[PDB]
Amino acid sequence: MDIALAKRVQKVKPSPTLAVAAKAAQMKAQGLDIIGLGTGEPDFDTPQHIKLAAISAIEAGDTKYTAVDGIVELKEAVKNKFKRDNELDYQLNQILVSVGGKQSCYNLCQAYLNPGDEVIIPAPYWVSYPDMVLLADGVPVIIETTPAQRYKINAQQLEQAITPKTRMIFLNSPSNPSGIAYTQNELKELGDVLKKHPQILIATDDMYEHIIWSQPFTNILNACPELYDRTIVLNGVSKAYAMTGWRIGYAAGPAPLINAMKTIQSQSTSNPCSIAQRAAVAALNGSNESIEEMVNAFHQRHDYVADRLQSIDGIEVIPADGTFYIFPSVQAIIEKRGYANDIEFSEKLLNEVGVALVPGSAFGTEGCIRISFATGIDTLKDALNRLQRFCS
């Protein structure tokens, strides 16, 4: 009598960042004093001129289907953003507007990956990279890194993991969860390895491109232009303009790949919310001021948090270059107390002092925790006080 389900969903698990978020929302909605230091979104509202454009779009009758791959105003804005921000040249047939940055990745895997294809994924990785590979029947090949490398892979590791079967790699810099960015010198060394394997497609996820303070943002294509013809660039307005719930991402890459991704999209979501596309145009075509103000605040919150974590015995802290995440290791605490792993550390801490985090093993790096400083410094000081009490 029991309904049998698709073998492909048994291979993955539901988003565990989103499960921590939903655990804490529901505990909060039941009256409990919980603090969700595992946020995926800033504490700023969408800037006012983006709102007025979405409102104004609703009043004009922009409530219809559009080109599946995005209205021309949006694709133009994207084209000009890649020229003016990243000195990359893309035609409009190389651009695809999608329903969040996550879908861009999902379309890429469905559009490109065949059963058994191996995808190099550096750990610590964004939770969804292996699940999106697995849903397309690819094989995640994880490269584990340590604080002794500031959580960045190196050329001999990469060459070691590459195989005749490997057909894609994800490079995510600035990284969710670590907050670390590859310098240009370092990206050059990785491109050198990659130019020797022409069958490998390079997916650079630049979603945190503007949330960076230790250096100006660079990506693999600035470092090694030679790889242009086999790189998809993935990006979005989610984090740079606090438009998380608007669900607008975008991508640029080789025309045949973009057309295939568009094929998957026309058969799953068709076009994104047309009101949200209009909002996105206002964002990309607007001034970066609300960015600079947001990023300055994230930076001062980051320094506050990193220094708080430094004062807690048993916590080894690696400072981020960007994003609103920091990824310290609680391994010393796990060992002295006898917990199985960072999951138990996370469950105990939630249950004892009400701080909800994402355990590092959800990202492939056991013994760490992911802390988001995308909330106000008052929430931060409270939560870190609670984490300090727990670690005593």
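Numbering starts at 1 and follows the sequence shown.
K.L.:
Which has higher Cα B-factors on average according to the PDB entry: 39-47 or 339-347?
P.N.:
Per the deposited B-factors, the answer is 39-47.
K.L.:
According to the deposited model, is the average Cα temperature factor higher in 224-232 or in 127-135?
P.N.:
The stretch with the larger mean CA B-factor is 224-232.
K.L.:
Name the residue from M27, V68, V358, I326 with the greatest C-alpha temperature factor listed in the entry.
P.N.:
Of the candidates given, the C-alpha B-factor peaks at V68.
K.L.:
Which one of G249, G191, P140, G286 shows the biggest C-alpha B-factor in the PDB entry?
P.N.:
Of the options given, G286 has the highest CA B-factor in the PDB entry.
K.L.:
Based on the entry's values, in what third of the chain does the Cα temperature factor of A57 lie: lowest, middle or highest?
P.N.:
Ranked within chain, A57 CA B lands in the highest tercile.
K.L.:
Going by the CA temperature factor in the PDB record, which third of the chain does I371 belong to: lowest, middle or highest?
P.N.:
Bottom third by C-alpha B-factor.
K.L.:
Where does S175 sit by CA temperature factor within its chain: lowest, middle or highest third?
P.N.:
Within its chain, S175 is a middle-third residue by C-alpha B-factor, going by the deposited values.
K.L.:
Would you mind checking where the Cα B-factor of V353 ranks among the modelled residues of its chain, as the lowest, middle or highest third?
P.N.:
Bottom third by C-alpha B-factor.
K.L.:
Looking at the C-alpha B-factor of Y241, is it in the lowest, middle or highest third of its chain?
P.N.:
Highest third.
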